[PDB]
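Asker: Hey, dropping my_file_1.txt in here, compact mmCIF, C-alpha atoms:
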```
# COMPACT_ATOMS: atom_id res chain seq x y z
CA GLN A 1 1.32 -20.67 -7.95
CA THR A 2 0.76 -19.77 -4.30
CA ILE A 3 4.14 -18.96 -2.79
CA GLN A 4 5.96 -18.45 0.49
CA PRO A 5 6.57 -15.00 1.98
CA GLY A 6 9.16 -13.21 -0.11
CA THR A 7 9.87 -10.89 -3.01
CA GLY A 8 11.04 -11.32 -6.58
CA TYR A 9 9.80 -11.01 -10.15
CA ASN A 10 6.82 -12.73 -11.79
CA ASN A 11 5.83 -12.06 -15.42
CA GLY A 12 7.99 -8.93 -15.60
CA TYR A 13 6.40 -7.40 -12.49
CA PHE A 14 8.04 -7.07 -9.10
CA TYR A 15 6.07 -8.66 -6.27
CA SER A 16 6.33 -8.58 -2.49
CA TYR A 17 4.49 -11.03 -0.23
CA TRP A 18 4.88 -10.88 3.55
CA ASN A 19 2.96 -11.91 6.66
CA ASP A 20 3.54 -12.16 10.41
CA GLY A 21 3.58 -15.97 10.24
CA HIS A 22 0.21 -16.42 11.97
CA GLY A 23 -1.22 -18.22 8.94
CA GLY A 24 -4.52 -18.29 7.12
CA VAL A 25 -3.31 -16.29 4.09
CA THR A 26 -3.04 -17.63 0.54
CA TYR A 27 -1.20 -15.34 -1.88
CA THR A 28 -0.98 -16.30 -5.55
CA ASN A 29 0.77 -14.66 -8.51
CA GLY A 30 -1.09 -14.58 -11.81
CA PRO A 31 -0.18 -13.86 -15.43
CA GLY A 32 1.22 -10.47 -16.33
CA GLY A 33 0.33 -8.09 -13.51
CA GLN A 34 -2.36 -10.26 -11.90
CA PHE A 35 -2.14 -11.39 -8.29
CA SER A 36 -4.74 -12.90 -5.96
CA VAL A 37 -5.01 -13.00 -2.17
CA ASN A 38 -7.48 -15.16 -0.23
CA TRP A 39 -7.38 -15.08 3.56
CA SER A 40 -9.61 -16.34 6.38
CA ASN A 41 -8.91 -15.45 10.03
CA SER A 42 -5.38 -14.41 9.12
CA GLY A 43 -2.68 -12.49 10.94
CA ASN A 44 -1.21 -9.39 9.30
CA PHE A 45 0.02 -9.59 5.72
CA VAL A 46 1.04 -7.31 2.85
CA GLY A 47 1.09 -8.63 -0.71
CA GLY A 48 0.96 -7.20 -4.21
CA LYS A 49 2.67 -6.45 -7.50
CA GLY A 50 4.41 -3.31 -8.72
CA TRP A 51 7.88 -1.97 -9.54
CA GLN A 52 11.30 -2.17 -7.90
CA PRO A 53 12.31 0.50 -7.59
CA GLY A 54 9.30 2.81 -7.91
CA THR A 55 9.44 6.39 -9.17
CA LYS A 56 7.88 9.71 -8.19
CA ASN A 57 5.78 10.36 -11.32
CA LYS A 58 4.59 6.87 -12.30
CA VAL A 59 1.00 6.36 -13.45
CA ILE A 60 -0.26 3.08 -11.97
CA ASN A 61 -3.31 1.21 -13.27
CA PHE A 62 -5.10 -1.45 -11.22
CA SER A 63 -8.25 -3.46 -11.93
CA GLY A 64 -10.08 -6.41 -10.43
CA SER A 65 -12.16 -7.29 -7.39
CA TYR A 66 -11.53 -6.62 -3.70
CA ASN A 67 -13.91 -7.97 -1.03
CA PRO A 68 -12.66 -7.58 2.55
CA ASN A 69 -14.38 -9.00 5.62
CA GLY A 70 -12.71 -7.02 8.38
CA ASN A 71 -9.55 -4.91 8.59
CA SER A 72 -7.95 -4.57 5.15
CA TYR A 73 -6.71 -1.96 2.68
CA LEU A 74 -6.22 -1.71 -1.07
CA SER A 75 -3.59 0.87 -1.93
CA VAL A 76 -0.55 1.94 -3.88
CA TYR A 77 2.05 0.99 -1.28
CA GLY A 78 5.77 1.62 -1.12
CA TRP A 79 8.81 2.72 0.85
CA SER A 80 11.46 5.41 0.56
CA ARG A 81 14.98 5.27 1.97
CA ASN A 82 16.73 8.27 3.53
CA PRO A 83 14.45 9.31 5.10
CA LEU A 84 12.78 5.97 5.89
CA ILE A 85 9.12 6.45 4.94
CA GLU A 86 6.25 4.00 4.45
CA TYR A 87 3.64 5.53 2.15
CA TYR A 88 0.07 4.54 1.29
CA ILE A 89 -2.34 5.81 -1.35
CA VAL A 90 -5.41 4.03 -0.01
CA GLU A 91 -8.05 3.33 -2.67
CA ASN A 92 -10.37 1.09 -0.64
CA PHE A 93 -10.46 -0.31 2.89
CA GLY A 94 -12.61 -2.64 4.93
CA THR A 95 -13.93 -2.05 8.44
CA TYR A 96 -11.18 0.38 9.53
CA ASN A 97 -10.21 3.72 8.01
CA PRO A 98 -6.39 3.57 8.37
CA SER A 99 -6.38 7.35 8.95
CA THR A 100 -8.59 7.14 12.05
CA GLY A 101 -6.93 9.03 14.88
CA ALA A 102 -4.36 10.64 12.57
CA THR A 103 -3.77 14.36 12.08
CA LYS A 104 -4.96 15.65 8.71
CA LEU A 105 -2.27 17.57 6.81
CA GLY A 106 -4.28 18.69 3.77
CA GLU A 107 -6.12 17.38 0.73
CA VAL A 108 -5.36 16.64 -2.91
CA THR A 109 -7.60 15.99 -5.92
CA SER A 110 -6.51 13.28 -8.36
CA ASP A 111 -8.17 10.75 -10.67
CA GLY A 112 -11.71 11.84 -9.82
CA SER A 113 -11.75 12.05 -6.02
CA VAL A 114 -10.46 14.08 -3.08
CA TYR A 115 -7.75 12.48 -0.94
CA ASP A 116 -7.10 13.45 2.67
CA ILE A 117 -3.42 13.51 3.67
CA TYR A 118 -2.17 12.25 7.03
CA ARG A 119 1.06 11.46 8.84
CA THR A 120 1.54 8.75 11.47
CA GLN A 121 4.59 7.31 13.22
CA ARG A 122 5.74 3.75 13.85
CA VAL A 123 8.05 3.34 16.85
CA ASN A 124 10.56 0.46 16.82
CA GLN A 125 8.42 -1.43 14.29
CA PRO A 126 9.81 -3.66 11.53
CA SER A 127 10.73 -2.00 8.25
CA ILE A 128 12.70 -2.56 5.05
CA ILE A 129 15.94 -1.70 6.90
CA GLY A 130 15.11 -3.55 10.11
CA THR A 131 13.46 -2.33 13.28
CA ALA A 132 13.25 1.46 13.12
CA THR A 133 11.16 4.51 13.97
CA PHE A 134 9.70 6.08 10.84
CA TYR A 135 6.81 8.16 9.53
CA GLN A 136 3.88 6.94 7.44
CA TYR A 137 2.30 9.08 4.72
CA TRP A 138 -1.35 8.44 3.84
CA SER A 139 -3.46 9.58 0.88
CA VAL A 140 -6.90 8.17 1.69
CA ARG A 141 -9.44 8.34 -1.13
CA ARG A 142 -12.96 9.53 -0.34
CA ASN A 143 -14.66 7.72 -3.25
CA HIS A 144 -13.59 4.10 -2.74
CA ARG A 145 -12.96 1.84 -5.73
CA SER A 146 -11.31 -1.46 -6.66
CA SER A 147 -10.09 -0.40 -10.13
CA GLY A 148 -8.77 2.64 -11.93
CA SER A 149 -5.71 4.83 -12.41
CA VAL A 150 -3.38 6.38 -9.83
CA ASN A 151 -1.16 9.37 -10.69
CA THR A 152 1.44 9.17 -7.92
CA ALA A 153 2.99 12.50 -8.94
CA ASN A 154 -0.13 14.29 -7.68
CA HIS A 155 0.20 12.67 -4.25
CA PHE A 156 4.00 12.90 -3.98
CA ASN A 157 3.88 16.59 -4.91
CA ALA A 158 1.00 17.28 -2.52
CA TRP A 159 2.94 15.51 0.24
CA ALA A 160 6.04 17.58 -0.53
CA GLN A 161 4.06 20.84 -0.44
CA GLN A 162 2.82 20.02 3.08
CA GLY A 163 6.30 19.24 4.42
CA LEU A 164 6.28 15.46 3.78
CA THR A 165 9.48 14.71 1.87
CA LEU A 166 10.27 11.35 0.30
CA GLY A 167 13.84 10.18 -0.19
CA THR A 168 15.16 7.56 -2.59
CA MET A 169 12.30 5.32 -3.69
CA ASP A 170 12.29 1.63 -2.80
CA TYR A 171 9.69 -0.86 -4.00
CA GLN A 172 6.30 0.47 -5.12
CA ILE A 173 3.43 -2.00 -5.51
CA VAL A 174 -0.34 -2.23 -5.57
CA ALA A 175 -0.78 -4.11 -2.31
CA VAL A 176 -3.57 -5.80 -0.38
CA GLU A 177 -2.90 -5.52 3.35
CA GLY A 178 -5.06 -7.26 5.93
CA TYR A 179 -4.81 -7.35 9.74
CA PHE A 180 -6.54 -10.32 11.41
CA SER A 181 -9.51 -10.48 9.05
CA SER A 182 -10.95 -12.45 6.13
CA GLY A 183 -11.51 -11.73 2.47
CA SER A 184 -10.43 -12.30 -1.11
CA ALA A 185 -9.10 -10.05 -3.86
CA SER A 186 -7.80 -10.40 -7.42
CA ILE A 187 -5.92 -7.37 -8.78
CA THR A 188 -4.20 -6.77 -12.12
CA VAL A 189 -1.43 -4.17 -12.22
CA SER A 190 -0.12 -2.29 -15.25
```
Is it possible to give me this structure as structure tokens?

Answerer:
Amino acid sequence: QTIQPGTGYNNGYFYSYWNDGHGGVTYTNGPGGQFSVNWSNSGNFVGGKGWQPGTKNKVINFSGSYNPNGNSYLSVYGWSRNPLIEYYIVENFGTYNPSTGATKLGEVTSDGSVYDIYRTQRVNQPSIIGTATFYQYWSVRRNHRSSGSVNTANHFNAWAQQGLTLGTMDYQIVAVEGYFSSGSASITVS
């Protein structure tokens, strides 16, 4: 059930699989909300299941295993149009804290941990509307985990209070992203 890069629907859930074409990634869709990624000396990829379009008060449940060997994240990942924003709610990462070198814009408590909030910018990088310059919003969990519940309303409200405004919501998935690393992960979304 391993597939090419692309999006669509599998077992009622929206999925989005993408990579830079380097190779070494194997993304598979499972039953219901299950999806599995296995990669060894890969390029950069983003894959996972969720909802298209996402909403601003959804409660997202994820469970399974996540074992990275290198640079990788596990997060609630999505975009917003107008303004163009790429947002992460990082639950667990590998060898690199994605917020390293980013300015901290506050904290929020949700689902049993404290999240630190950051903003970064991507200049002329690819996006859901083509090459653009856009901001990234990060909610990085302190107590890492590979299963549990995410109340996005807590993060989206905390972001709004600090001056980080989301526009119209695009896709919103539980994604495994990995940049030139190895690992395996099997996540079930609900």

Asker: At what distance in Å, to one decimal, does atom CA of residue 50 of chain A lie from atom CA of residue 5 of chain A?

Answerer: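 Pair atom CA of residue 5 of chain A / atom CA of residue 50 of chain A returns 16.0 Å.
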
Asker: Env of segment 62-75 of chain A: 6 Å cut, atoms = all atoms listed in the file, seq-sep filter 5 positions within chain, self excluded. Answer as a list in words.

Answerer: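 Those residues are residues 89, 90, 91, 92, 93, 94, 95, 96, 146, 147, 148, 174, 175, 176, 177, 178, 179, 181, 182, 183, 184, 185, 186, 187, 188 and 189 of chain A.
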
Asker: Keeping only C-alpha atoms, take the residues you just selected and write them out as a PDB file, in the frame of the given file.

Answerer:
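Now in selection20.pdb:
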```
ATOM      1  CA  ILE A  89      -2.340   5.810  -1.350  1.00  0.00           C
ATOM      2  CA  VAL A  90      -5.410   4.030  -0.010  1.00  0.00           C
ATOM      3  CA  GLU A  91      -8.050   3.330  -2.670  1.00  0.00           C
ATOM      4  CA  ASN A  92     -10.370   1.090  -0.640  1.00  0.00           C
ATOM      5  CA  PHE A  93     -10.460  -0.310   2.890  1.00  0.00           C
ATOM      6  CA  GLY A  94     -12.610  -2.640   4.930  1.00  0.00           C
ATOM      7  CA  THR A  95     -13.930  -2.050   8.440  1.00  0.00           C
ATOM      8  CA  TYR A  96     -11.180   0.380   9.530  1.00  0.00           C
ATOM      9  CA  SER A 146     -11.310  -1.460  -6.660  1.00  0.00           C
ATOM     10  CA  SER A 147     -10.090  -0.400 -10.130  1.00  0.00           C
ATOM     11  CA  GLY A 148      -8.770   2.640 -11.930  1.00  0.00           C
ATOM     12  CA  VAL A 174      -0.340  -2.230  -5.570  1.00  0.00           C
ATOM     13  CA  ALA A 175      -0.780  -4.110  -2.310  1.00  0.00           C
ATOM     14  CA  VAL A 176      -3.570  -5.800  -0.380  1.00  0.00           C
ATOM     15  CA  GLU A 177      -2.900  -5.520   3.350  1.00  0.00           C
ATOM     16  CA  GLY A 178      -5.060  -7.260   5.930  1.00  0.00           C
ATOM     17  CA  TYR A 179      -4.810  -7.350   9.740  1.00  0.00           C
ATOM     18  CA  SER A 181      -9.510 -10.480   9.050  1.00  0.00           C
ATOM     19  CA  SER A 182     -10.950 -12.450   6.130  1.00  0.00           C
ATOM     20  CA  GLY A 183     -11.510 -11.730   2.470  1.00  0.00           C
ATOM     21  CA  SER A 184     -10.430 -12.300  -1.110  1.00  0.00           C
ATOM     22  CA  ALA A 185      -9.100 -10.050  -3.860  1.00  0.00           C
ATOM     23  CA  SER A 186      -7.800 -10.400  -7.420  1.00  0.00           C
ATOM     24  CA  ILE A 187      -5.920  -7.370  -8.780  1.00  0.00           C
ATOM     25  CA  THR A 188      -4.200  -6.770 -12.120  1.00  0.00           C
ATOM     26  CA  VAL A 189      -1.430  -4.170 -12.220  1.00  0.00           C
TER      27      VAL A 189
END
```

Asker: Could you tell me which of A:168, A:110, A:163, A:121 comes closest to residue 149 of chain A if we count all atoms listed in the file?

Answerer: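 Looking at the shortest contact to residue 149 of chain A, the residue is A:110.
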
Asker: Mind pulling up the distance from atom CA of residue 61 of chain A to atom CA of residue 136 of chain A?

Answerer: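 The value is 22.7 Å.
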
Asker: Which residue is closest to residue 27 of chain A? Choose from A:41, A:111, A:1, A:132 and count all atoms listed in the file.

Answerer: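 Using all atoms listed in the file, the shortest distance to residue 27 of chain A belongs to A:1.
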
Asker: Could you check which of A:10, A:120, A:42, A:157 is closest to residue 24 of chain A, using all atoms listed in the file?

Answerer: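 That would be A:42, the residue with the smallest distance to residue 24 of chain A.
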
Asker: I'd like to know which of A:48, A:31, A:126, A:53 is closest to residue 81 of chain A, using all atoms listed in the file.

Answerer: A:53

Asker: My list of candidates is A:140, A:23, A:15, A:76. Which is closest to residue 49 of chain A when distances are computed with only C-alpha atoms?

Answerer: A:15

Asker: List the spatial neighbours of residue 59 of chain A as a VMD selection string - criterion: any atom at most 10 Å away, only C-alpha atoms, same-chain residues fewer than 6 positions off excluded.

Answerer: chain A and resid 149 to 154 190

Asker: Near residue 159 of chain A, within 12 Å and counting only C-alpha atoms, which residues show up once chain neighbours fewer than 6 positions away are dropped, as a PyMOL selection string?

Answerer: chain A and resi 56+85+87-89+104-108+115-119+136-139+152-153+165-166

Asker: Between A:6, A:98, A:83, A:78, which is the closest to residue 19 of chain A once you count all atoms listed in the file?

Answerer: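 Once distances to residue 19 of chain A are computed over all atoms listed in the file, the minimum belongs to A:6.
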
Asker: Would you compute the distance between atom CA of residue 158 of chain A and atom CA of residue 57 of chain A? Give it in Å to one decimal.

Answerer: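 Computing it gives 12.2 Å between the two atoms.
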
Asker: List as a list in words the protein and nucleic acid residues near residue 8 of chain A, meaning an atom at most 10 Å away when only C-alpha atoms are counted, but skip any in the same chain fewer than 5 places from it.

Answerer: residues 13, 14, 15, 16, 17, 49 and 52 of chain A

Asker: Could N, CA, C and O atoms be built for segment 178-190 of chain A and written out as a short mmCIF file (atom, residue, chain, number, x, y, z; two decimals), keeping the file's coordinate frame?

Answerer:
```cif
data_model
loop_
_atom_site.label_atom_id
_atom_site.label_comp_id
_atom_site.auth_asym_id
_atom_site.auth_seq_id
_atom_site.Cartn_x
_atom_site.Cartn_y
_atom_site.Cartn_z
N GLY A 178 -3.97 -6.86 5.07
CA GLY A 178 -5.06 -7.26 5.93
C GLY A 178 -4.59 -7.67 7.32
O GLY A 178 -3.68 -8.49 7.45
N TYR A 179 -5.21 -7.10 8.35
CA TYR A 179 -4.81 -7.35 9.74
C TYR A 179 -5.91 -8.14 10.44
O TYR A 179 -6.96 -7.58 10.77
N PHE A 180 -5.65 -9.43 10.66
CA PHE A 180 -6.54 -10.32 11.41
C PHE A 180 -7.99 -10.20 10.93
O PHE A 180 -8.89 -9.78 11.66
N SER A 181 -8.20 -10.58 9.67
CA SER A 181 -9.51 -10.48 9.05
C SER A 181 -9.64 -11.60 8.02
O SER A 181 -8.82 -12.51 7.96
N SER A 182 -10.70 -11.52 7.22
CA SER A 182 -10.95 -12.45 6.13
C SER A 182 -11.24 -11.67 4.86
O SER A 182 -11.49 -10.46 4.89
N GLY A 183 -11.19 -12.36 3.73
CA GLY A 183 -11.51 -11.73 2.47
C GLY A 183 -10.78 -12.39 1.32
O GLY A 183 -10.01 -13.34 1.48
N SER A 184 -11.06 -11.86 0.13
CA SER A 184 -10.43 -12.30 -1.11
C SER A 184 -10.32 -11.10 -2.04
O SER A 184 -11.12 -10.16 -1.96
N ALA A 185 -9.33 -11.14 -2.92
CA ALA A 185 -9.10 -10.05 -3.86
C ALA A 185 -8.26 -10.56 -5.01
O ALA A 185 -7.35 -11.37 -4.81
N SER A 186 -8.55 -10.07 -6.21
CA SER A 186 -7.80 -10.40 -7.42
C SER A 186 -7.55 -9.10 -8.18
O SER A 186 -8.49 -8.49 -8.70
N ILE A 187 -6.29 -8.67 -8.23
CA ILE A 187 -5.92 -7.37 -8.78
C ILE A 187 -4.94 -7.57 -9.92
O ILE A 187 -4.04 -8.41 -9.84
N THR A 188 -5.12 -6.79 -10.99
CA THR A 188 -4.20 -6.77 -12.12
C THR A 188 -3.54 -5.40 -12.20
O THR A 188 -4.22 -4.38 -12.22
N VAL A 189 -2.21 -5.40 -12.23
CA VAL A 189 -1.43 -4.17 -12.22
C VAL A 189 -0.84 -3.94 -13.60
O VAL A 189 -0.48 -4.88 -14.32
N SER A 190 -0.75 -2.67 -13.99
CA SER A 190 -0.12 -2.29 -15.25
C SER A 190 0.45 -0.88 -15.17
O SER A 190 -0.08 -0.02 -14.47
#
```
